[PDB]
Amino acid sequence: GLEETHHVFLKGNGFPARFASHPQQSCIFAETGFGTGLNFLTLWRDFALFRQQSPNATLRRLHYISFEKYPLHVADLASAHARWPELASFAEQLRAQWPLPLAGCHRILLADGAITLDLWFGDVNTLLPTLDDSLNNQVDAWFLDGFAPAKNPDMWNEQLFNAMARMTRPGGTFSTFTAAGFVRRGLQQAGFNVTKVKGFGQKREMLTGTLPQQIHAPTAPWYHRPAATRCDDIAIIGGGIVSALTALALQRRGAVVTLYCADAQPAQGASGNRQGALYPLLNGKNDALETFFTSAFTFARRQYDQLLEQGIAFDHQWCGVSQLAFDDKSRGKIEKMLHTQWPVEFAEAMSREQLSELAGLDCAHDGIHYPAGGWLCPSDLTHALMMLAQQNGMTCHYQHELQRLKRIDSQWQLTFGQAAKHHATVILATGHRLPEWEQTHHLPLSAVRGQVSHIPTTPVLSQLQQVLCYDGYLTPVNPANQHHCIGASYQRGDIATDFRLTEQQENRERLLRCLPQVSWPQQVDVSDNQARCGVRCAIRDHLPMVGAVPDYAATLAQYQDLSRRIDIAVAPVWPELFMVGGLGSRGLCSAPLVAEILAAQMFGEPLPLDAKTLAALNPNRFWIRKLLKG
């Protein structure tokens, strides 16, 4: 059982000995058929011993990538783990984070961020062609497990073996329990030098191999995501939600990061509301957007829960979010969402009466329920994260408004309309003020003002248990303050944040206009004129922008022949300059994954989504779309 898994997969790949001699900060494992996580857990255990033994070794981080067609339920997993008492503490940590069986990639951060696990739910043969370039020449060791080739040969094909080899780092290796000739030959022609060796207790034979030379893969240069060359010296310009997260995700990898915030405090931009909704944006199309939002939402709740379990404090309730079909238009949208077959734990159609049963108040309409969503307080959250970011080594310079940005001799010159500063690597996280630079002003980002009202609760109002979405939204009472949030105005190209009376009334009218069949909405009282204004940064396709800051003039020039050639050059970018923004009204949900993607990209690591989704999040994607045909 345990000793076997060890013999085949860890020993068959050089471990535990390779740990000590590994030349890199992290090591990438890739596994076919996760199952109950035996291989992963056995590997975790060994990497933990190693880290205790040699706290000073090059290898600090571990990245495990795995495919599973039939993801088990967490109970199943707990039942099986009983076979192995000594993996219990690792097993427990993995079960505390098992995700719902939703299709696609689910990144789990384990062992205090020393371990990144990517769970890809789906049939491996179908997923492979869809994957990103950041997987090419990346894998240190394969764990080629699965059903026995004779009992089921459906996965052991040339397409699989080739992709494996394509994703393997030169010098990297694989091992598998099986011995079957066509596998031998299948892996050899894929590009490995294969050795046949005896299995555990000479019961059955098995195979191991090494990739002697890098394979020159199918590649997609136009949407290339390059790494930063130096992560020892980084500045973020921002101070909003996406900065805290971005900072945090870089300090997991040991980057040194510095914060420059225009305001006296963080979260004085758009991340500063009292209560914001958190739920996924579905559309039933299975496009880039849905796929992204499916991972981002679940990831977001995971991270916010981990944070929570570690003492970080912010007002919030995962009370579930109820989205209402109040409209011919909205009802049609909800109807299209509900075409994909979601787990009820993710999203569920429900009737007026069910939603009203849950809500505590008559909801006037049927709709869709998101049981894991809720509200949180973005202000408290951003302050909390900036602080932890600080405590873990991020120097912060508030009242520091960047005024000029210049690259002169390997360094970014920063000027502050106070002491000027220079940095090797810079990230822009400025929200709506993102396209204000020579360097960023060709990006199709827009500013959209919004005002959220603050309203006292009432005995009947206090009853509401869900966040409600219509043409606008109403949160439950915050127990700590006895007030709700109801919003929001949406003013394109308006960037002022002065309180407006017109917009205050509109927030109530939206609620009354959309739920005319019931009477309790009348209890919403905006007459105290308390509200908050802020500016959103919107993108016409609804996905954020995260990556290398692209070079407009250099792109149109470099890619004139593009449409024709479907080996080209990788995309033109401003050196060591990256960004993350364009979160519109869904940043609570999208920030954590965009944050992680940036850190991941800047460390040249493999990324947690497929080629089209990643492509669809790239800063240069809008330019690349015109020139992608003419």
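Don't overthink the numbering: it's just position in the shown sequence, from 1.
- Counting the deposited residues that fall between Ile566 and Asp567 and carry no coordinates gives a value of 4 to 9.
- Where coordinates are absent for parts of the deposited sequence, a chain break appears; between neighbours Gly393 and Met394 there is no such break.
- In this entry, 178 to 186 shows the higher mean Cα temperature factor of the pair 246 to 254 and 178 to 186.
- Per the PDB record, of the two stretches 101 to 109 and 222 to 230, 222 to 230 carries the greater mean B-factor over its C-alpha atoms.
- When the C-alpha B-factors of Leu307, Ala150, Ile539, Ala165 are read from the PDB record, the largest value belongs to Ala150.
- Within the group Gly146, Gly360, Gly239, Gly122, the record's highest C-alpha temperature factor is found at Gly146.
- The PDB entry assigns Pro16 a C-alpha temperature factor belonging to the highest third of its chain's modelled residues.
- For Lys329, the recorded CA B-factor ranks within the middle third of the chain. Only modelled residues enter the ranking.
- The PDB entry assigns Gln25 a C-alpha temperature factor belonging to the highest third of its chain's modelled residues.
- Placement of the Cα temperature factor of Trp437 within the chain: highest third of the modelled residues, per the deposited record.
- Sorting the modelled residues of the chain by their CA temperature factor places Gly209 in the middle third.
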